[PDB]
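Worksheet: one structure, shown below.
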Ligand SMILES: N[C@@H](Cc1ccccc1)C(=O)O
Ligand SMILES: N[C@@H](Cc1ccccc1)C(=O)O
Ligand SMILES: N[C@@H](Cc1ccccc1)C(=O)O
Ligand SMILES: N[C@@H](Cc1ccccc1)C(=O)O
Ligand SMILES: [Cl-]
Ligand SMILES: [Cl-]
Ligand SMILES: [Cl-]
Ligand SMILES: [Mn+2]
Ligand SMILES: [Mn+2]
Ligand SMILES: [Mn+2]
Ligand SMILES: [Mn+2]
């Protein structure tokens, strides 16, 4: 050439996203939602720092692919949230995407129509809409943040947030966490590395900068204040790491690092060895721990839907199309089991 | 009750990419150097050419004057060894860290906690343009999904670091970077995350970023066919023939390019800069014997050797310790001679 | 350091960008067909290819979307009724420029209380414009600035540049890039030269500054607008009569631009008296019956209820210039249709 | 789906936001001081708190920054020499509006070749404006649209709204938020009322659409500009003489706005003849000697070299309106200095 091309050589298309502010204008957080979010955050902070011995329970589908079923799930769960409010602090898992190495559906935000149309403007509007409806009905929500831009669209509706095993060591994700309004859980690494999560809590506690967009949708540098409400999530690795031996080892490491030694345990994913029928075993092991001692457990995580298992196409209502989940009946047993176990712990 | 930006001190709009692009447009010559160098590196990744890519330079740039002088010296050697080595300057603006400390030239250019990013972005672009204009291609690590909009048009080779190789969004980024991309193996030696990254990054993805004009955007990528692995050590170093052979088998097994890069520094030197030469000597011996799966090396080098906590000495690192200029001359002559023998078979 | 920037500015507030409104209110297929078709139909009148009369008719200003829609439903019946003689397009002006303090219109101040809720005002304007086209009623508007068109010009079948801006270079540059045909009003005191010059200017390629659909400062490069014409709206004295029309047509021909024009029955032509709009229309009818070859359109200020009021108390009654009511509007349209039917039969 | 959007648009491209230019060319302390003081000094003249004569003087249009700066160096000596009698501010206008095709000025088309490199034009305009303020020469300009002021109004000590836009509502809204004092020109044909009306309007709070310094669609809420005044530039006939000044003053007083005004020596007051600016100046000088209490300023079109040329071949000679040369400028300023020196004895 004269001028050889060097910009966007491997880019098919860049399209504007509607700014966060457009979504916020259509769907402003209500007074009720605001109160629920503010309260639930403070309450979760109390658990993280050992000021309250109630058990945080992040529970719900692996991924949200159908708002209607999410809203029905929320209705059922709400009754249990209330029933168990003295023993457990129940928050719905509302993740819009499962990260994956191979190609496949990129979730409800990226691809709301489930057909590779990538209608993100729609997806983001749908995602905000659901999160607002959840908070309005009295069901707080949690989610995993996969990038540094989506939080501007709906983090104001999030009571608890996660950074996944594949990004816990990522500098920029730690930076993000240090500025999220909600408490944040850092999952241990894919193969069980706990150190990255312990390091992440220390890092995310401090002030940081990272790049994102303003609510008006423009390139921005963000200066964080630190997030003092971070904690570990044990989700297994090569072997599961839910039992008392592992919880006690993690707590030693946490204390040795001088960060909170209250942690959360995932009943699904690697701790269930990718088998949804084993989540109850994990919970039952956690129940047992809480009865004997369990001083370092502040939370658990469970993959649960209306209907159990999984499907590869979205044919059955309330049935996951990502990781398999325990159905509603087992959800009822699992929660009873945890509430009764924790009732005793709080009394001791 | 407030629920938004509870833990945010400030959100500040940046000058858009178009502003920096207006002040510092890529020149014709620089676009040719970038275009050519990218293809040349693609040829190494895909086994078309047997020159050895050498990504060499400071751990991190904290002073552009010293980087330009470094580049001037390096350029003569890039030219001298062009039939055996494809020399490209390491121009990394930041070293990621867990503890508190300096966040690099882009984030904090004045080295004083002022975080003058607009200036940092300008200075980074300015340096990269100057380097390309003098004949020196540049390489960098991309730590997020927005900075590439400011200066990726000037980068001939990019890296994704050990701590981000497994991150989905960073792989999605890699899938639309105009340059070839190296993925580093995990902090403790995990090669699979890099092998998976190359696979993921060869496909078309979507990720969020900004347009050149600074507006929140969705990016639809075409996939990046020119990705490869970088061996940078783990619990043990992984630079030797035995580790190379195992990585190459796993790469072939995965159906991705089995040509890789070996970092002489970081966890392969185990943070002793004086051990880089020893790693390079082992690499040289591999190239002389066979070394068919090696397409490149990485070396942390500066004008003056070692490191210092404050930028007192000119041309000396304030992040990881580097070999100095004399050792650099020796290492490059060494690798040139060894690869000459490889290429002749 | 002394401050020198924004010294007399209370506030600068970023708006929602056009793309935000366009996403909530995309133009429908049906509204697109109507807009596209009506612009071409008007082009054909402007250039003498069709002899139907363009009738820009409706409220002085829109202050109540409900009444606007009711007005449209009634007007639609007549648009259809007279479609062989008249091309009826609804007047949908959101603001009346004024010199003194007062309401700045439905876009700038939709709540009519000086809250200046512009985001709401732009949304409601777009929404009203979309509902109008969807029911079969094309819309017309005056563009007062260079940024508002990005929010709703896609919904506009005919656009005006008023007496106070016809001579404005930047408004001529705007007109040169508007998707719709454009009418330029003669000056406040009757100056026609500014409108003739405007047509010439607007037919050529220009640049002017605005925003992109995403809301970013932009330079706009236009193709030129071949479908501009003049609008006679009076001055010191009215200029609607055959003798004024005749002279304006000669001056248009001498400038090498279209000698087909529009006559406003209202404003300075009615001497600010809405009960004279019918007399102007009667004079126009008499011209169309005799010859009237240079008339391609008329403008009428019309509402559900006649007159004007200071506060919006009575439903369907103007809060800006006094308009004829619905009954008078039926008579005025019958008169014009009847006169033009005869013109078209020659 | 028929197309309805941007049908007659060739291209919309982003403009660098104001903040990009402000980052590269921040106002200096010195320039901020000069601007601040000069604006204050001019408001004093507008309201008759001081009796020095504002002289807006310089090229019709800027097409070459080098000549502009050279011109400024020469003017600076006389600005200093006459500082007790005259307040000399350089005319730094980047474009002359026109009806026919031709050069669209230094901002729109800095390369004088039809390439419309507007980013470069805005940059060059701000650059020149900053250099002028830094050397000690304050600057004045005409604002043609609602966006360009965001790029350099912080460097402007006096602004003009031209004859073709004085009646424009949006341009009055702009004026009401401009940090400098503003002169409104009488109409093209001599109409003074639009300018008197403009002063009233611009004194109040208004809204208008523009962009934020960051380059995004915005609504601007202004505070009102108390420092507006009329500029008499002729029309149907020259309006520089004592009788016309007296009529204008009476009319200003009746509208309850400042009866201090500016008289343009050029344009229609010179009958388009650059050799008559000295004659107008002489008439003004005789008024200042006798009484001239309503005069607060004059405008003059002046360059290094007299006359005009179609192509920018000769250095320092206008390619728009013909100007007096540097020699006649020296004579014209000495004349006005001496006459106002006498006026100031009363
Ligand atoms: N708005 C986020 C914080 C954030 C700001 C800016 C960018 C990204 C995230 C929260 O309230 O948690
Ligand atoms: N501009 C980048 C690709 C990219 C586009 C958009 C966002 C991020 C990265 C390149 O040429 O490599
Ligand atoms: N979008 C307008 C033209 C326009 C573009 C940009 C700014 C202003 C107006 C139309 O289609 O008529
Ligand atoms: N910045 C201008 C005022 C202004 C603001 C916004 C838009 C246009 C003009 C000044 O200081 O005079
Ligand atoms: Cl934008
Ligand atoms: Cl656009
Ligand atoms: Cl602003
Ligand atoms: Mn899952
Ligand atoms: Mn390093
Ligand atoms: Mn009216
Ligand atoms: Mn002139």
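Protein chains in written order, with the entry's author numbering: chain C, 2 to 349; chain D, 5 to 349; chain A, 4 to 349; chain B, 4 to 349. The C-beta atom is built at its ideal place from N, Cα and C for all residues, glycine as well.
Environment of residue i [buried if 16+ CB atoms lie within 10 Å]
| i | result |
| --- | --- |
| residue 116/D | exposed |
| residue 93/D | buried |
| residue 304/C | buried |
| residue 347/C | exposed |
| residue 353/C | With chain C running from 2 to 349 in the structure shown, residue 353/C is simply not present. |
| residue 170/A | buried |
| residue 320/B | buried |
| residue 249/D | exposed |
| residue 83/C | exposed |
| residue 6/B | exposed |
CB contact below 8 Å: residue i versus chain C
| i | result |
| --- | --- |
| residue 217/B | yes |
| residue 111/A | no |
| residue 30/A | no |
| residue 220/D | yes |
| residue 65/D | no |
Three-state secondary structure (DSSP) of residue i
| i | result |
| --- | --- |
| residue 173/C | helix |
| residue 146/C | coil |
| residue 347/D | helix |
| residue 92/B | strand |
| residue 225/A | strand |
| residue 114/C | coil |
| residue 267/B | strand |
Option nearest residue i by Cα separation, candidates the options
| i | options | result |
| --- | --- | --- |
| residue 237/D | 69/D, 199/D, 175/D, 194/D | 194/D |
| residue 322/A | 109/A, 334/A, 130/A, 206/A | 109/A |
| residue 343/B | 298/B, 182/B, 221/B | 298/B |
| residue 45/B | 185/B, 22/B, 252/B, 309/B | 185/B |
| residue 77/A | 61/A, 218/A, 66/A | 61/A |
| residue 287/A | 301/A, 276/A, 277/A | 301/A |
| residue 214/A | 159/A, 47/A, 106/A, 150/A | 150/A |
| residue 332/B | 324/B, 275/B, 308/B, 316/B | 308/B |
| residue 235/C | 325/C, 225/C, 246/C, 40/C | 246/C |
| residue 168/C | 197/D, 205/D, 156/D, 326/D | 197/D |
| residue 212/C | 225/C, 284/C, 204/C, 134/C | 225/C |
| residue 265/D | 27/D, 49/D, 38/D | 49/D |
Chain A within 8 Å of residue i, Cβ atoms only
| i | result |
| --- | --- |
| residue 3/B | Within the shown structure, residues of chain B are numbered from 4 to 349, placing residue 3/B beyond reach of any answer. |
| residue 242/C | no |
| residue 19/C | yes |
| residue 180/B | yes |
| residue 128/C | no |
| residue 121/C | no |
| residue 189/B | no |
is_contact[residue i, chain D] using C-beta, thresh 8 Å
| i | result |
| --- | --- |
| residue 22/B | yes |
For this session: Could you name the residues whose beta carbon sits closer than 7 Å to any heavy atom belonging to ligand 6, keeping them in chain order?
Result: 215/A, 216/A, 217/A, 221/A, 15/B
For this session: Check each residue's C-beta against every heavy atom of ligand 11 and list, in chain order, those closer than 5 Å.
Result: 63/B, 324/B
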